[PDB]
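First comes one chain, alone, set out as structure tokens in the form deposited in one PDB entry.
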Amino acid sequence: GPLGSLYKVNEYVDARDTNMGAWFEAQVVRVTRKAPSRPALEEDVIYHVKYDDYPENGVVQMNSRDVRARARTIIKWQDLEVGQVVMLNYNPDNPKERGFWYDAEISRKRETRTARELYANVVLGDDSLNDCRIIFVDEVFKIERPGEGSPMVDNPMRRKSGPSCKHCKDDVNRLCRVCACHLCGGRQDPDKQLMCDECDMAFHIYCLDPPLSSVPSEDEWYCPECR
């Protein structure tokens, strides 16, 4: 029969890394028919996706079970409950810091007048971590059920990934001269902020004096202070 995939070309999705278990932002570039294999000869599709943060990986072929609609709805603290299967942020390398986005089953919830504690069993590549202490309790995402809601085709919900700057906590509404533009503190146009090969600070091409019209075509670059 004709291909009738759950996700369509150009749709914004999450795609799971089967080695380490995390879900990464991606966009569908093609949907192809998977050759049925023995013995069951089930029909299936392959999603060809491009990853927002890993463009150097090119177009990547994904099993259908490793693609779903981009996360968009946050489950607020008060709505979280033991037994929910959600997508949340955890860092197995440094559990007190921000990491990547994983499926997890909430396993415990506590609240006192001074503290809010959330624990979950986090699914990694080949195993789970039980009773992980979850830091980012206000950034727990509902896992979209197939077919429900509209496809995300524009206006994508942004998530933060990786350890956060300790000055600003990566708060998008705060400026920071440490992890963003050293002159204005602005986060915009990161593709047009140069990194000093000495001090490793960032500089908008348009905040320099004189300003630059584009990213220089050199091997290296040094800021005004390190020149």
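Whichever C-alpha set is largest while still superposing within 1.5 Å between the two forms counts as the rigid core. Residue numbers run from 1 along the displayed sequence.
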### Query
When the C-alpha temperature factors are averaged for each of 103-111 and 145-153, which stretch ends up with the higher value in the entry?
145-153
### Message
When the Cα temperature factors in the entry are averaged, is it 92-100 or 78-86 that ends up higher?
### Response
78-86
### Task
Sort 175, 49, 46, 40 by C-alpha B-factor from the entry and give me just the highest.
175
### Query
So among 26, 199, 67, 29, who wins on Cα B-factor in the entry?
199
### Message
Test of reading the entry: by CA B factor among the chain's modelled residues, which third contains residue 126?
### Response
highest
### Summary
residue 19: CA B-factor among chain residues, third -> lowest
### Task
Check where residue 72 lands among this chain's C-alpha B-factors and tell me if it's the lowest, middle or highest third.
middle
### Query
Where does residue 53 sit by CA temperature factor within its chain: lowest, middle or highest third?
lowest
### Relative C-alpha B-factor of residue 63, binned into the chain's lowest, middle or highest third
lowest
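There is also a form deposited in another entry; it is not shown, and the following applies to it.
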### C-alpha of residue 190 off by 2 Å or more between the shown form and the other one on rigid core
yes
### Query
Superposing on the rigid core, does the Cα of residue 217 end up 2 Å or more away between the shown form and the other one?
yes
### Message
What direction does the residue 175-residue 74 Cα distance move in the other form compared with the shown chain, closer or farther, given a change of 3 Å or more?
### Response
farther
### Message
Given that the shift is 3 Å or more, do the Cα atoms of residue 178 and residue 91 end up closer or farther apart in the other form than in this form?
### Response
closer
